[PDB]
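If you read the sequence shown in our numbering, its first letter stands for residue 28, the second for the next number, and so on.
Please read the structure below before turning to the comments.
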Amino acid sequence: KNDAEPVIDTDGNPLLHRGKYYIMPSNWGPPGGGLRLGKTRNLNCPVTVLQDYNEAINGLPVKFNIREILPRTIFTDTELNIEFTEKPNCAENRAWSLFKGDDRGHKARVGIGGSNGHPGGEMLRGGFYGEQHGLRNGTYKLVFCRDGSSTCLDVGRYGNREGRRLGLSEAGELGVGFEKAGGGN
Numbered sequence: 028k029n030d031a032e033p034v035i036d037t038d039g040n041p042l043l044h045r046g047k048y049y050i051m052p053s054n055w056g057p058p059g060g061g062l063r064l065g066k067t068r069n070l071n072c073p074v075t076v077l078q079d080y081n082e083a084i085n086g087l088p089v090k091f092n093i094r095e096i097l098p099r100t101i102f103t104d105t106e107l108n109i110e111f112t113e114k115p116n117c118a119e120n121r122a123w124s125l126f127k128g129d130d131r132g133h134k135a136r137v138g139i140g141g142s143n144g145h146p147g148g149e150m151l152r153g154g155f156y157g158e159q160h161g162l163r164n165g166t167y168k169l170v171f172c173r174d175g176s177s178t179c180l181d182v183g184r185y186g187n188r189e190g191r192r193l194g195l196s197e198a199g200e201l202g203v204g205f206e207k208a209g210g211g212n
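The following block contains the structure:
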């Protein structure tokens, strides 16, 4: 279009696939936390990807693959399937799925695992997306495009008093910054 650039960590270098990264809360917003598999609600397997109310923990690595592949650069509009680098042993996968539309989950909640136990229930189908509609320095937003009716929506934030459950906002939210997790190759 106007037209897709490469997606950068913003420690200056284009961002890659099967590469482990972290996502910080940009520049202190608000008040910024990291993300991980966190504790929220109760027992059947934690699906809730949490954002931290504390900055000491950058959470868990984040693998942006167009998933059943290997590729070199992630340009702003190219699909992908994202997942953490280690699942709590008991949810099925670490892939992020969006549980939907009712039941006191109340937005499409960020979900790891293949079935549900507890709140909400049926995880929507779809491939993710991302990147800034940004201005002076740094990086920005990630997006989801559904299988059924989603000409895709943003991912804002919902809280619930446990931490901060990610979700699909109506407007857009989250200035996001990327920190490769290190490595060679």
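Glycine included, each C-beta is placed from N, C-alpha and C at the ideal position.
{"query": "Closest to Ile93 by C-alpha separation, out of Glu110, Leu64 and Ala83, would be which residue?", "result": "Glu110"}
{"query": "How about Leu201 and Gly183: do their beta carbons lie closer than 8 Å?", "result": "yes"}
{"query": "Is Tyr49 closer than 8 Å to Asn81 when the C-beta atoms are compared?", "result": "no"}
{"query": "Could you pull out every residue in the same chain whose Cβ sits closer than 7 Å to the Cβ of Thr37, ignoring the five residues on either side in sequence?", "result": "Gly165, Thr166, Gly204 and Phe205"}
{"query": "Applying the 10 Å Cβ sphere with the 16-neighbour rule, what's the burial state of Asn69?", "result": "exposed"}
{"query": "Where does the unbroken beta strand (DSSP E) through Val137 begin, and where does it stop?", "result": "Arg136 to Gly138"}
{"query": "Using beta-carbon positions only, say whether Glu149 and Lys134 come within less than 8 Å of one another.", "result": "no"}
{"query": "Apply the 10 Å Cβ neighbour rule to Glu158 and answer buried if 16 or more other Cβ atoms are within range, or exposed otherwise.", "result": "buried"}
{"query": "Please give the ranges of any alpha helix (DSSP H) in the segment 93-145, keeping only runs that are unbroken, at least 4 residues long and fully inside the region.", "result": "none"}
{"query": "Given this structure, state the Cα-to-Cα distance separating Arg63 from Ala31, to the nearest angstrom.", "result": "29 Å"}
{"query": "Under the three-state reduction of DSSP, which class applies to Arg152: helix, strand or coil?", "result": "coil"}
{"query": "Within this structure, are the beta carbons of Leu87 and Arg192 separated by less than 8 Å?", "result": "no"}
{"query": "Determine the DSSP secondary structure at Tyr48, reduced to helix, strand or coil.", "result": "strand"}
{"query": "Just to confirm my understanding: we take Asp79, look at its own chain, exclude 5 residues before and 5 after, and list those with CB closer than 6 Å. What are they?", "result": "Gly60 and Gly61"}
{"query": "With DSSP as the reference, label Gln78 as helix, strand or coil.", "result": "strand"}
{"query": "Under 6 Å Cβ to Cβ from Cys179, same chain only, skipping five residues before and after it: list those, please.", "result": "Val170, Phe171 and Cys172"}
{"query": "Here's a check: name, in chain order, each residue in its chain whose Cβ is nearer than 7 Å to the Cβ of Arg45, leaving out the five neighbours to either side.", "result": "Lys90, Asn92 and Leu97"}
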